[PDB]
Every structure is written in structure tokens, then in C-alpha cells.
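# Understanding the architecture of this molecule
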Amino acid sequence: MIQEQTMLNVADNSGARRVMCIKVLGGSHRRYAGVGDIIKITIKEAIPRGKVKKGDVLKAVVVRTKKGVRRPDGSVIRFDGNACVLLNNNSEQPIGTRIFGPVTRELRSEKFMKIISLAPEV
Amino acid sequence: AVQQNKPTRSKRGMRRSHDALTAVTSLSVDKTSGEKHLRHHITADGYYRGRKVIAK
Amino acid sequence: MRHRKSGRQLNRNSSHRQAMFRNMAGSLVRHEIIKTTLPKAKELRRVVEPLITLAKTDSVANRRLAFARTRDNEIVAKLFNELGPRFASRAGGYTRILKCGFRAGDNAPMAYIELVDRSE
Amino acid sequence: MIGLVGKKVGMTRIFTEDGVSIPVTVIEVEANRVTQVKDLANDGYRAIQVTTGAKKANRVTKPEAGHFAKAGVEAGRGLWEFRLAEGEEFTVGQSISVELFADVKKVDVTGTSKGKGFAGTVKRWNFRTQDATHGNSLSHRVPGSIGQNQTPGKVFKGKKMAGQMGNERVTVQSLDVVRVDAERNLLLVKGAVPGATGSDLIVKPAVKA
Amino acid sequence: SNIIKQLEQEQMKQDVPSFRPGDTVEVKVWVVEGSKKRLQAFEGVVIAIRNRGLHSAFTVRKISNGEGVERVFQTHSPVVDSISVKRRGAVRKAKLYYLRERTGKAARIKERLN
RNA sequence: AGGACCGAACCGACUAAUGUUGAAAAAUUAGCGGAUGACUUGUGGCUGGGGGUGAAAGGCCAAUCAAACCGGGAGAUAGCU
RNA sequence: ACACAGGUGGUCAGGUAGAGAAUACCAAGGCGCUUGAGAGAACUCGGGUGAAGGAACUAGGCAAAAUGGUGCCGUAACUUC
RNA sequence: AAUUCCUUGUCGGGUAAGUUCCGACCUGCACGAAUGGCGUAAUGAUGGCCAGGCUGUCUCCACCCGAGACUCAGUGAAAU
RNA sequence: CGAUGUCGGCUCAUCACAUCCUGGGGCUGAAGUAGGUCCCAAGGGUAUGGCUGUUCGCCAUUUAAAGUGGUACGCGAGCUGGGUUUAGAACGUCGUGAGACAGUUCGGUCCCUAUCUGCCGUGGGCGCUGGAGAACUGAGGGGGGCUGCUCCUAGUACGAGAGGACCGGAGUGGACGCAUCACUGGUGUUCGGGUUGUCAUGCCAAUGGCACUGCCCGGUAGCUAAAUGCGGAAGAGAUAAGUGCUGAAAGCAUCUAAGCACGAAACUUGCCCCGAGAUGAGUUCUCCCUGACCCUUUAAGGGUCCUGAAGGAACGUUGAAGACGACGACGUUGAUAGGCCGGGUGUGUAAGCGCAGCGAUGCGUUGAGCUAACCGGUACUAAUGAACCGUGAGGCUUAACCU
Ligand SMILES: [Mg+2]
Ligand SMILES: [Mg+2]
Ligand SMILES: [Mg+2]
Ligand SMILES: [Mg+2]
Ligand SMILES: [Mg+2]
Ligand SMILES: [Mg+2]
Ligand SMILES: [Mg+2]
Ligand SMILES: [Mg+2]
Ligand SMILES: [Mg+2]
Ligand SMILES: [Mg+2]
Ligand SMILES: [Mg+2]
Ligand SMILES: [Mg+2]
Ligand SMILES: [Mg+2]
Ligand SMILES: [Mg+2]
Ligand SMILES: [Mg+2]
Ligand SMILES: [Mg+2]
Ligand SMILES: [Mg+2]
Ligand SMILES: [Mg+2]
Ligand SMILES: [Mg+2]
Ligand SMILES: [Mg+2]
Ligand SMILES: [Mg+2]
Ligand SMILES: [Mg+2]
Ligand SMILES: [Mg+2]
Ligand SMILES: [Mg+2]
Ligand SMILES: [Mg+2]
Ligand SMILES: [Mg+2]
Ligand SMILES: [Mg+2]
Ligand SMILES: [Mg+2]
Ligand SMILES: [Mg+2]
Ligand SMILES: [Mg+2]
Ligand SMILES: [Mg+2]
Ligand SMILES: [Mg+2]
Ligand SMILES: [Mg+2]
Ligand SMILES: [Mg+2]
Ligand SMILES: [Mg+2]
Ligand SMILES: [Mg+2]
Ligand SMILES: [Mg+2]
Ligand SMILES: [Mg+2]
Ligand SMILES: [Mg+2]
Ligand SMILES: [Mg+2]
Ligand SMILES: [Mg+2]
Ligand SMILES: [Mg+2]
Ligand SMILES: [Mg+2]
Ligand SMILES: [Mg+2]
Ligand SMILES: [Mg+2]
Ligand SMILES: [Mg+2]
Ligand SMILES: [Mg+2]
Ligand SMILES: [Mg+2]
Ligand SMILES: [Mg+2]
Ligand SMILES: [Mg+2]
Ligand SMILES: [Mg+2]
Ligand SMILES: [Mg+2]
Ligand SMILES: [Mg+2]
Ligand SMILES: [Mg+2]
Ligand SMILES: [Mg+2]
Ligand SMILES: [Mg+2]
Ligand SMILES: [Mg+2]
Ligand SMILES: [Mg+2]
Ligand SMILES: [Mg+2]
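Residues numbered from 1 in each chain as written, not as in the entry; some residues may be left out. Chains lettered and ligands numbered in written order. Part of a larger assembly, values for the part shown. Heavy atoms only, no water.

## A short note on the overall build of chain D
As a reminder of what qualifies: A helix here means a DSSP run of H or I that spans at least four residues, while a strand means a run of E at least two residues long, and both kinds are numbered starting from the N terminus. Radius of gyration means the value over C-alpha atoms here, while the globule rule gives 2.2 Å times the residue count to the 0.38 power. Relative accessibility thresholds used throughout: buried, under 20% of the residue-type maximum; exposed, over 50%; partly exposed, between the two (1.4 Å probe, protein chains only). When checking whether two residues touch, look at their non-hydrogen atoms; a contact exists if any pair is within 4.5 Å. Here the accessible surface of atoms and residues is derived via Shrake-Rupley with a 1.4 Å probe, and residues count as covered only by protein chains that are part of the display.
A count of helices and strands for chain D gives one helix and 11 strands. Counting helices and strands in the order they occur from the N terminus, chain D gives β-β-β-β-α-β-β-β-β-β-β-β. Here chain D has a C-alpha radius of gyration of 23 Å; the compact-globule value for 209 residues is 17 Å, and the former is much larger. If you line up chain D on its principal axes, its C-alpha atoms span 70 × 55 × 40 Å. When the 209 residues of chain D are sorted by exposure, 36% land in the buried category. Within chain D, counting contacts between residues at least 6 apart in sequence, those at least 24 apart form 68% of the total. With an accessible surface of roughly 12,700 Å², chain D has 52% of that area assigned to carbon and sulfur atoms.

Listed below in C-alpha cells is the structure:
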């Protein structure tokens, strides 16, 4: 799903475009993380103006995945790519002020209500 | 991997104890032809369960 | 593992199996009786009886289907003309198998397989 | 405690009003008739033997027919036994039904799992396959090492090897019960149960609960 | 499997419109909430259908904000509520998985005239 | 025009797997290099052992080479097993 | 050493597609390789497909996967031009 | 450095992390000018390093198609 | 030394406790949180990468923790071959030289069909004292036992503040294990379709063979994980360190000498599985056999005839059972397999004909035709009248009764 060495697109105006997962946080030997799970990433593209630069190491939350989420309804929701929203290393708060593309209900938790509010759909 | 000691005729026979054959001890007869035949098989003449197979 | 599967390999690949069954079905249709191994006859049932069921109804499309599945105008014509009406009212079970001992060259179980009516 | 014997019909789903799909396993639990009652005097334990019907007559041997002649006069596929706890309920010819599970919320469900026959290493013990390239010589699914050296000089008992897998009784330990419908001999339990369709199984109220 | 069949009929629905692959449908999904239950619209092209009685399902691709966003609905579920057809495309295929890599202007489907 | 280029026959033998009481006392399968030249190949001839030949590896000289094979001195000698 | 998956010089060489003596299917012609019959288990060998990830494997991208044709356009540093 | 023991020398670049690699420093244990010195376009089944694509190499294996292995009939070895 | 293959890695492990995490305690220069040190405790658990041949090591980034050691520095008749002790070549250095370096550098054949012990599975024989079919008891053995975070108690106890609990409840995760295909997916060379080259069926049309299943798109059943259900417990007994009550020796004191009470993931049990070859061979229910005669060295003696039960085996149709055995269902008083009928599923509008168009092609008949393993039915085919094995009332002594 989302594991180490996985390349993710960026879904906020932080100016990173491409990031790489370097660790799946939470628990020992954990293999991969799904939607709504914090992971450790490193910047790879870092457009010029931006708010971050190449080589930075910080947090991120997966918002879209190609595998999707099932949940009790029995339905599935797949996407065409893997995307994440960069978070502050310590405060774990979003860095960008914009959200691009749809999000999914698993982000409804208290910790990501700002992402839910800023998301254009769902 | 090869033997380190030559095994005995006793061990040879003990191993072969399970190699004995078994006889059919079951030869059914056809009420018409009267021939003894293997069960559920046609007769050497061409009969089975009274009827004459291999014919019109 | 084999669970609820059907059809046996006969130690052949798919193309060889299909060609062998086509030839055997043609031979059985032509001769009305053949000598073969028991598993081979048990498999040949499932290939030959459907052909007779198809021949039950006569139409150009059915002729073309039978020709596609047999590739022999001789036995295709023998169907739809002789084996069709001969059974007509019989619902399945057009062939019977009878064990006939073992084969001298390799001790393989042998069995005759023939049409039930037996040309009567 | 008192349980019942049923047949695995298959798996299906139930949709709730709140948009939740529960996967259930259908268990057909026909009437179970008591054929014998064990007590502490004749035997040393208190239990009851039960049977489920639907068996033909010509396949019943004289000993079994004589055993059934004890106020059961009805053959069944087999005989099962349940240890009887306190309470001392009516025993002989009671014909317990599926209504017994109209109040329990958990069940264990015991049955014989599917038979693999071969197991094999890797598949049987979740062993890790060795590499596929980089020189590996004819050793991909093989187990590897099975002992240390001359010091032990042998292989220990219980070593994980290739053998038979499946085709043995297993319990699932406190499944949830969804619906217990009468007039149809049906018992719906959430989740999967061991065995194949049409196989017999023993339903028994959960002991952990 | 008479028992299972009769169990499934009790939940099978009787208001499923006849929609075909390649048609654009509009699905009203229930959005469960504490006390704010309401419908939500989902429009897209039907790229796959699975007919299994009570276990029937179908996939709809919405292509929103540059990403495909597919969605697999269970036909006989109380969450689907209602479904309607808006277009009738001609595709002469059962599965339209090539639309995943097609995208662009090539992702359009000619309408089926009748 | 080219000790030019890509690539069959042809001549080689860089990688992997198999084989290792082999189908084979060095081979098979898939890839790989040269392929008008210092090229490759058929037939015949010459160079003979402290010698030959060697774009050199102590390589090759009849499945044997830091001194070929056959016969003889010869029952060499062996404070060793 | 074998009725041995090896080696052995020359000549002839058709049709369709193809630049072609490559490759595919065929003609003339010649063959099915001197143990079989069943089953459809681990494991080995030779292959096909694979969700998400895409070198994290490993001494090493070993092996696999991938590129691959004709015509036209277009093509950098450096250079013995 | 195909040469440097101390040594993974120090600095810079690359990575997230680089005993390898590239550019410098000069304290050259123990470079050096036909046992040639320093460069060099082209070439290489040559050694080292990096990137794109690609993938069952791998997370982590799953299924399938054939040849053996297994059973029946015939023949019938070997090291020890 | 008439051969015990050496470093590292992979796979698979098992033991010790001088305990890394989790568990229980004493002391603290322990206010709380968080720490230090010592005692008891081995049930379970105990990281992925970058660099190097590298075990180690440094670094990045996690975890409750990333324990220390033994096992031929465990493990090459399990794998690898990077380092390292063959042959090629080069650098520096030493030597006049052949050559050498425990200096560096590029390249460089890893054999074995398992006899015995051992281990993982699965069978045959006999025994268990008339024979047979079932259900059990349970001596004994094995499996399992991990843990994070969030919320309430409570912003409470504690503190000047910052900060922030023990005890007790609820929820949701990581890793691991068992089961199962209802769902989401993989596969599906046995189903449908598209298409390239070429050959053939006299030709058109329509089909088949070959080219990796020619290439490719979908996909039934089955098997499957990534998919979804469950698990680890609570409780009880006896304890370790420790804490005690009462109480003398020793007028006091003292947890101990007599007596009594608490006390941990360790121990026994509780949970799951195997289990009467448990030769100590156990228990319960049911079923079957109750005819004559001869001989001898006269006792668990031999033999002739009659008899052949319960049941078993064999054979056949087979299975979500299986290497073969074994195990399960069925054998005409039958749905066991095949076929057939209907349905379902998959594919996607068959052939022929008609119309439009110069033609490729399109439209109607038409959601058509075909459709494996699936579902519900159906004796059409194959499962035979029989034969075979297994017997004829079951030893002695003693104890309690009937005589
Ligand atoms: Mg010896
Ligand atoms: Mg079947
Ligand atoms: Mg064979
Ligand atoms: Mg083919
Ligand atoms: Mg099975
Ligand atoms: Mg592994
Ligand atoms: Mg090898
Ligand atoms: Mg040239
Ligand atoms: Mg060339
Ligand atoms: Mg070589
Ligand atoms: Mg070759
Ligand atoms: Mg060249
Ligand atoms: Mg030399
Ligand atoms: Mg030689
Ligand atoms: Mg000499
Ligand atoms: Mg002399
Ligand atoms: Mg001598
Ligand atoms: Mg001496
Ligand atoms: Mg030959
Ligand atoms: Mg030859
Ligand atoms: Mg030649
Ligand atoms: Mg196979
Ligand atoms: Mg393989
Ligand atoms: Mg492949
Ligand atoms: Mg496919
Ligand atoms: Mg993949
Ligand atoms: Mg993919
Ligand atoms: Mg990529
Ligand atoms: Mg690694
Ligand atoms: Mg390669
Ligand atoms: Mg390739
Ligand atoms: Mg060095
Ligand atoms: Mg790298
Ligand atoms: Mg440098
Ligand atoms: Mg020099
Ligand atoms: Mg000079
Ligand atoms: Mg063999
Ligand atoms: Mg044999
Ligand atoms: Mg011999
Ligand atoms: Mg020796
Ligand atoms: Mg201790
Ligand atoms: Mg315990
Ligand atoms: Mg070692
Ligand atoms: Mg060790
Ligand atoms: Mg060993
Ligand atoms: Mg080793
Ligand atoms: Mg080496
Ligand atoms: Mg244990
Ligand atoms: Mg299914
Ligand atoms: Mg699928
Ligand atoms: Mg096909
Ligand atoms: Mg044509
Ligand atoms: Mg042909
Ligand atoms: Mg051909
Ligand atoms: Mg306890
Ligand atoms: Mg006192
Ligand atoms: Mg049937
Ligand atoms: Mg349909
Ligand atoms: Mg067609």
C-alpha cells in the first residue's frame, strides 16, 4: 500500500510535489500505512518558491491511495494515485493553507479537521 | 549417502514382508454362458450379465 | 490441490488432448464400437454425447457447429441423418462402457465403449 | 454445556438498517433426539447422547438399530455426546430444538477443517522462502537447517516439517450469533466456520463469556 | 441451495433500473451522521457490473479534479438509496478497464441511439 | 575506399541456469563477440623431446607436458609406511 | 567404449509474407526420436499471469522485466574535424 | 593514486544515512620522466560510481501450464 | 594429516540467566511525572535502512524493548561464495636474480539417488482371552500465553507554579496464530470474444490447425491474500522476593521457634488439540452364534460330517478425503458418477437472410448465439444373482447367593 521507498504526490500548497516515504510510524515491524496514517517522508522535488526545500525530513498523512478503503458499507473507494498532506514535525499540523483533490471520510478525526475543512470534496 | 554396515538377510526379509501378492479370490459366473469371469468385466467369449456383447 | 475440479490430463498438453478426443469421437461415431482404456472412454463420453445432443436438432448453424467441433464431413453427415432420429426420444446416456480386461503390452485396463442402440 | 449438532449450509450476508453488511454462516440445526443418558452410577459421568436424523434404513446395521430402539426408533447420521452440567433437564426423548440458542449471544462452533493432504513447508508453517536468484541452487521452497551440530547430535521433537495439513477438528472459540430463526431450523452466526459446505459441526454456547 | 436462495430473496430489492456498461449513472448515497443524515450525489461512467443476485455490484468512475476516483457500489444495499441513468453509451464490451489509461478526450463514449 | 557499421551461414566462448554415478571424461538452453579480413576452411607436406612450436599462458606436441610415449639398464634406491 | 542431445568438407535448393540463405506457415520428400498405463502430493526442472509498492534484494540490478521496424523531422559537451 | 601503513586522513559535492564514487589539500610510510611522465577524441562481452525506464530481485508470496517425483506392468544399475 | 571444509550472509532453530521490554518488591539525595540502585522472576516478545566482504562499528529513523552468552566462535551430504591459502596480470616495496610481502589491485569449477539413529506424516500385523458395531472416560503429551495508543476517574491526589498520578473501567491499533471465500482482488493454457501471418476444408461465406495459450481483452468453479471472523483472557490453588498478625526462647523486643494471613506474565489448573500398545491394553449401550459323531498317550487334545450367524472384506460409481494405503458416500428397495432438462454465471448482438452503401462496413432479425468445475431436478448409461472371510455359547481358582 504505502511502505518505505514509496513515492507520493502532494495535495497541498506546500511546494513539494513529490515525496518519498522513509518510515511507517506506529508499532514495530509495521509494513504499510493506509489512509489517515502518519508516515515519515523526505522531499524530492520542492518547487522553487514553496515553503520547504529538497532534503527536508518531516511528517505527512496519507489522504488518497490506489487501494482505497472498505469500511462497513462494503463499498470501495479507489484513486488514481497516492497523495499526502505534509505536517509539522513536532506540532503535527498542516503546513500548507490549501488542499487539492478530494479527501475521504477517514480524515474526519479531530487531528485533521483543518484538512477536512480545506478539502474541496468529502 | 551409502550404507556404513552391510544389512542382514533378516532385515531384507523383514522389509520384504510387505511385498506379498494378493489373489482375486472372487470369480463370478455368468448364468447364461456359465463361464467364470472377473467381476464387472465381460467374459472371454463376449458375455456380460447374461447378454451377448460383441453382436447384434 | 484438486477440489471440485473436472477433466483429467492423461499426461498430455491441451492441444494434444483436444486433437486426441476429436479423433476418438470421430472413430466412435464411425464404427459404433471401439477398444480403448477405461479413463479414456470415461473422458470420451463427455465429448461424444454432447455431439449427439447437438445433432438432435437439424439446422445449418448446428451443422457448422458440429463441423467446427469434429472437422469431418463424413461423420457430420452421419449425424443429423442416422444418429439424430435413432435416439431422438432418448434423454442422455447414448453410450455405455464395458470393462474388457487388461492390455498385454503395458497392463493397462481396457474397456469397450459403444452406442446403446448398437445398430438394431 | 448442552449443545446441538448442525450442518454447514454456506455463507451469505445480512444488511442492517444502518448500512452495515454482516457476513454470516448458515447452520441448519434440525431436531436433536436424545438416545442415551449417562449418569454417575452406571457410568462415571453425567452426559447425554444425541442424534440427528435423515439416514436410510438399509445402511443401518443391527447393532445400531438395536441401540436406536431405546425410545428413539429413528436412525441418524451419527451419535454425539454432550457433558451435562447442573440443572438436570429432561433427558430421554426430549428432542431439543434450535430454540435453546434463543438467548445466548456467543457460540464456539467445532468442525473438521478442509483437507490439504500435503501441507508442505512454507505453506504449513509460514516459513520464509530462500532467494530465487543470486546463485541459489535447487533450494527455494526447502526448509533449510533442522539441527545444530554434533553436540545435540539429533533433531528435537516437535520440529516443524512438511506433512499433513487440514482435515482435523478445530474450534473457533466464541463466535457471535446474528439470527436464530425457528420453523426453519436455521442459526446464523457472524464470521466463518471450519469445514466445507454440507459438513457436520457442533454448536455450543461460548465458555469464555 | 434452496435455503440460501430463500434467505437472499428476503433482502433483494425490486427497484433496480436496467443500466448497462458505458452508461453514466447518478447514485444517491446516504451519508450517516449523528443527526445530519442526507443524500450525496455521485455521477460517473459505469465501467463494470457484477451480477450475483444479492451480491451484485457495479463500478463507477467519476474523474474529478484530475484523478479518476473509482467507486464500487453494492446494488442490494440500503446505502445506495436510489440510482438513475443520464446517458446511454455504446461500447460493445463488458468491462471498460481501458478507460483507466485512456483519460483525456479519448475517454468519451459515443451515445447509443435507439 | 575502409584490419568501416548492423546482421545470417561460418569461426568463437563473456553471463546465467541445468547437468556433476551426465545425453556429454567440458555438453544443452537462453542471451553474447567477430563476421572482406592480422579472416575462415578442405587436401597434401615440413619442424621430434633438454628438442620442436609458441601475437608468451610454462601454453601445445594424439583425452598425458616445469621436459611426450614405447622398450631396456631394472628386482634403480627407499635410515620410510 | 554405446542404436551416445557431440564433431564431420562439397553440390541442389520451390510457394505466401519478408531486405534477406533471418523468421513463421507450407509444397516435393521424410519423420513422431524402441518402455508404457494411471494419478494430478511435497520438492526439483522449464514456462505463463499477478493486487499495492518499485532495488527496499544483493558483494554486485545476478537473473528477470523492459527497448526493438520503415519513412520524415530533430539532436549536446568534447574532438585527431 | 591499480602506489597511502597510520586511515573510514581533512574539506566540498552527491544521499536521509555514503569505509564506495567525484573535486581539492600535500604530512609522497614507500610517484616521477622510453621497467617512460602528464593528457587525450574514438574504441572495450574491461574495473568503480550515479540517474531515467523496467520489472516477483524484494515486502510476501499466490494461482496456473508441462517434464520428473508418487501408483501399476516390463527390464534393471552404482558408490559403500 | 590412508582428509574433523575455514570468515561473513540466508533458512531453520534450541538452551542458560549474569533480565533489554512486560510482571512483583526494598531503598532513594523517591513531592507528582520521570529517574537511580538492589532483590524475585526466563511465560511471551525483542527493527528497517545508508556505508563496508564485515561480524563489529558510525550514521538516519522507528519501537515497550531493539538483552548478554552456549550450542564444532549452532547450522555448506540445507543454500551462497563477497573476504580468505592454487594456477593469470599489475602497482609500491625488498632482492643482482629466480622470486617474496600476515601490502594493495582486476579475474578465477562448491560433488553425493539416505543403509542405520533422529524428526515430520501415513499405513499393515498381532495383542487386549467368544465374536462384532458404536459412543465415551482420561493416565499422559502437545499448542497458546506479546504489547502500544486514546478516553473516563481527573486537569483530581501531589505542587508556588509549570506540570501531573497510583488503583479501577471503556475503546481502538501493531506483530503473531487459527479458520473461511459472504465481500474487495489474483489466478483461472478446460468459457466467450478481438486480431496478425500462413495452410487446409473444391470455391464465396463460415470454420479448424500452427506460430510461447501466436498476441491480447474479459471471466465460472476451485485454490488463494492484500480480503474478514476469531484468539491470547477472566477465575482458582500453592508459592518466589517482599509485607504481616499473634508470640516465647531472652519478664521488653522480635514476621517464627508452635500457630495464623497476604503476595508475580514463573509453577498446577482453567482455554484448544492428540490420546486405552495407558501390555496398568479401561468404561457404557447394542447385535450374533445354544448340531451330531469317532479316536487317542485323556487334557485349554486331534479329527469327520452338518452348519456359515452379527459383521467384515473384496468388486463397481465416486468425494470440497487423498503420494499410495487410509478416510467418507452410494450400489436398482438408487441421485454415487456421467449424460439430459431448467436455471444461474461469463462473454457481448452468433450463423443465415433482408435493407443501405461503389466498397470497407453499417442497421434489423437480436442482449443474440455459445457457455468448464456451479445450483435445482431427472434412472437415460454405469454401479449384478452371487461368490469369499468371519462360526456353532466362550479357561481355571476363590469370594457372596440360588441346590
Ligand atoms: Mg567407519
Ligand atoms: Mg466433480
Ligand atoms: Mg508418464
Ligand atoms: Mg499451440
Ligand atoms: Mg481435499
Ligand atoms: Mg525473505
Ligand atoms: Mg551447479
Ligand atoms: Mg568490419
Ligand atoms: Mg556484426
Ligand atoms: Mg572462460
Ligand atoms: Mg549458444
Ligand atoms: Mg564491431
Ligand atoms: Mg608464471
Ligand atoms: Mg595432451
Ligand atoms: Mg630431465
Ligand atoms: Mg643396475
Ligand atoms: Mg622396486
Ligand atoms: Mg629415520
Ligand atoms: Mg535411440
Ligand atoms: Mg549421434
Ligand atoms: Mg560445419
Ligand atoms: Mg505440476
Ligand atoms: Mg518453478
Ligand atoms: Mg513473466
Ligand atoms: Mg487471462
Ligand atoms: Mg506486481
Ligand atoms: Mg500493477
Ligand atoms: Mg517507477
Ligand atoms: Mg539488507
Ligand atoms: Mg542481465
Ligand atoms: Mg528478456
Ligand atoms: Mg586502506
Ligand atoms: Mg543506492
Ligand atoms: Mg579522489
Ligand atoms: Mg612506476
Ligand atoms: Mg632519463
Ligand atoms: Mg522413479
Ligand atoms: Mg517397477
Ligand atoms: Mg556390485
Ligand atoms: Mg578412515
Ligand atoms: Mg535473577
Ligand atoms: Mg502459567
Ligand atoms: Mg561457524
Ligand atoms: Mg550463535
Ligand atoms: Mg551440516
Ligand atoms: Mg558457512
Ligand atoms: Mg572469491
Ligand atoms: Mg509448552
Ligand atoms: Mg464462490
Ligand atoms: Mg476477477
Ligand atoms: Mg479462448
Ligand atoms: Mg475466406
Ligand atoms: Mg498443419
Ligand atoms: Mg509447423
Ligand atoms: Mg491468575
Ligand atoms: Mg512479647
Ligand atoms: Mg447424475
Ligand atoms: Mg447473464
Ligand atoms: Mg463468432
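## Notes on empty space enclosed by the protein
Going by this rule: Of the grid points, spaced at 1 Å and generated over the protein atoms alone, those admitting a 1.4 Å probe that cannot get out make up cavities, while open sets with protein on both sides within 12 Å along at least five of seven lines make up pockets; any residue with an atom within 4 Å of a point is treated as lining. Grid points are joined across faces, edges and corners, and a volume is the space filled by probe spheres set on the points. The residue classification treats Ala, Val, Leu, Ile, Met, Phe, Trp, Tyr, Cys and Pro as nonpolar and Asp, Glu, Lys and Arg as charged. All others, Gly included, are polar.
As enumerated under the stated definition, the model contains three cavities of 30 Å³ or more in all. Approximately 60 Å³ is the volume attributed to the largest cavity. Considering the residues around the largest cavity, the lining is formed by A:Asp73, A:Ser75, E:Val29, E:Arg71, E:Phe73, E:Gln74, E:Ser77, E:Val79 and E:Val80. Per-element tally for the lining of the largest cavity: the top contributor is strand 4 (residues 70–74) of chain E, with three residues. Taken together, the residues of the lining of the largest cavity sort by class into four nonpolar, three polar and two charged. Considering the residues around the second largest cavity, the lining is formed by D:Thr12, D:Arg13, D:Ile14, D:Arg179, D:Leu188, E:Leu7 and E:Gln11. Here the lining of the second largest cavity takes three residues from strand 1 (residues 4–15) of chain D, the largest share from any one element.

## A short note on a nonpolar patch on the surface
Short version of the rule: Residues enter patches when their relative accessible area tops 30% and they take part in no salt bridge; the joining distance is 9 Å for like charges and 5 Å for the nonpolar side chains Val, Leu, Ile, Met, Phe, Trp and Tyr. Think of a salt bridge as a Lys or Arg side-chain nitrogen and an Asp or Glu carboxyl oxygen that are within 4 Å of each other.
There is a patch of nonpolar side chains on the surface, built from B:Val24, B:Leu27, B:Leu38 and C:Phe102 and spanning about 370 Å² of accessible area. Turning to its location among the elements, C:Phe102 is positioned in strand 2 (residues 95–102).

## Notes on the pairing of strand 4 (residues 47–52) of chain D
Residues and elements named next belong to chain D. Put simply, the rule reads: Pairing between strands requires that DSSP locate at least two bridges from one strand to the other.
Summarising burial for strand 4: six of the six residues are buried, a large majority. Residues of strand 4 alternate between two faces, with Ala-47, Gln-49 and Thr-51 on one and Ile-48, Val-50 and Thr-52 on the opposite face, all of them buried. The sheet contact formed by strand 3 (residues 32–38) and strand 4 spans six bridges and is antiparallel. Its bridge partner lying in strand 4, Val-34 is registered against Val-50. Here strand 4 runs beside strand 5 (residues 79–83); their pairing, made up of five bridges, is antiparallel. Note that in strand 5 the partner of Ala-47 across the bridge is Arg-83.

## So, the protein's contact with RNA strand G
Here is the rule: Only a single heavy atom is needed: when it lies within 4 Å of a molecule or strand, its residue is near that molecule or strand. Here a polar contact means two N or O atoms within 3.5 Å. Within protein one must be a hydrogen donor candidate and the other an acceptor candidate, and residues neighboring in sequence count only if both atoms are side-chain atoms.
Looking at RNA strand G, there are 30 residues lining it, with A:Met1, A:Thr6, C:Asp106, D:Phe118 and D:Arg141 nearest. Backbone atoms, meaning sugar plus phosphate, form 66% of the atoms of RNA strand G positioned within 4 Å of the protein. Between a phosphate oxygen of RNA strand G and a side-chain N or O atom of A:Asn82, the distance comes to 3.3 Å. A distance of 3.0 Å is found between a base oxygen of RNA strand G and a side-chain nitrogen or oxygen belonging to D:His134. Along the lines of polarity and charge, the residues of the surface near RNA strand G split into 10 nonpolar, 12 polar and eight charged.

## What to know about the packing of aromatic side chains
All names here are of chain E. Spelled out, the test is: Only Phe, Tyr and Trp rings are paired, with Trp represented by its six-membered ring, and only when their centres lie within 6.5 Å; those with planes under 30 degrees apart are stacked, over 60 edge-to-face, the remainder tilted. Only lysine NZ and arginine CZ atoms are considered, and such an atom sits over a ring when it is within 6 Å of the ring centre and within 35 degrees of the ring normal.
Tallying each qualifying case throughout the model produces four aromatic pairs over all chains. Here a set of aromatic residues connected by ring pairs shows up, and it is made of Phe-19, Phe-42, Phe-58 and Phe-73. Taking the ring centre of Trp-30 as reference, the NZ or CZ of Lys-37 above it sits at 4.5 Å.

## Here we look at the nonpolar core
This is how it is decided: Only buried residues count toward a nonpolar core, which is a set of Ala, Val, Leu, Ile, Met, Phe, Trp, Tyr and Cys residues joined through side-chain atoms within 4.5 Å.
Among the nonpolar cores identified, the biggest contains 26 residues, and C:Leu44, C:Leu79, C:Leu83 and C:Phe87 are the most heavily contacted of them. Among the secondary structure elements, those contributing two or more residues to this core are helix 1 (14–31), helix 2 (38–55), helix 4 (73–78), helix 5 (83–87) and strand 3 (109–115) of chain C. Among the elements that take part in this core, helix 2 of chain C stands out by supplying seven residues, more than any other. Setting aside anything within four residues of it in sequence, one finds C:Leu79 in contact with C:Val29, C:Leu51 and C:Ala55. Formed by 24 residues, the second largest nonpolar core is a distinct cluster that contains D:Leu4, D:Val98, D:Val107 and D:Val203.

## Structural notes on the sheet that holds strand 4 (residues 57–64) of chain A
Two strands in a sheet stick together by hydrogen bonds in their backbones, pointing the same way (parallel) or opposite ways (antiparallel). Residues and elements named next belong to chain A. Note the cut-off: Here an angle of 0 to 180 degrees is reported between the N-to-C directions of two axes, which are lines fitted to C-alpha atoms, with helices fitted over the stretch in contact.
Taken together, the five strands give a closed barrel; going around it, the order is 1-2-3-4-6, and neighbouring strands pair in mixed fashion. Geometrically, the sheet is characterised by an average inter-axis angle of 55° between neighbouring strands, direction not taken into account. Pairing between strand 1 (residues 7–10) and strand 2 (residues 18–24): three bridges, direction antiparallel. The partner of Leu-8 across the bridge, within strand 2, is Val-19.

## Focus on the UniProt feature "binding site: Mg(2+)" (unreviewed entry) in chain C
Residues and elements named next belong to chain C. Heads up, the condition is: UniProt positions are given in the numbering used here, feature names are shortened, and annotations may be inferred rather than shown by experiment.
Under the local residue numbering, the UniProt record ascribes the feature "binding site: Mg(2+)" (unreviewed entry) to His-3. Here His-3 shows up in the segment before helix 1. The partly exposed category is assigned to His-3, whose relative accessible area is 43%.

## Let's talk about the sheet that holds strand 4 of chain E
Across the sheet, which stays open at both edges, the six strands sit in the order 5(A)-4(E)-3(E)-2(E)-1(E)-5(E) with antiparallel pairing between neighbours. A single partner strand is all that each edge strand has here, and the edge strands are strand 5 (76–78) of chain A together with strand 5 (82–85) of chain E. Going across the sheet, the axis of each strand differs from the next one's by a mean of 35°, ignoring polarity. In this sheet, strand 5 of chain E lies alongside strand 1 (residues 24–31) of chain E in antiparallel orientation, the contact comprising three bridges. Residue E:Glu26 lies in a different strand from strand 5 of chain E, and its bridge partner there is E:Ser84.

## Comments concerning the pairing of strand 4 of chain E
All names here are of chain E. Within strand 4, five of the five residues are buried, which leaves the element mostly enclosed by the surrounding structure. In terms of strand pairing, strand 3 (residues 57–61) meets strand 4 through five bridges, oriented antiparallel. Bridging from a neighbouring strand, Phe-58 pairs with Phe-73 of strand 4.

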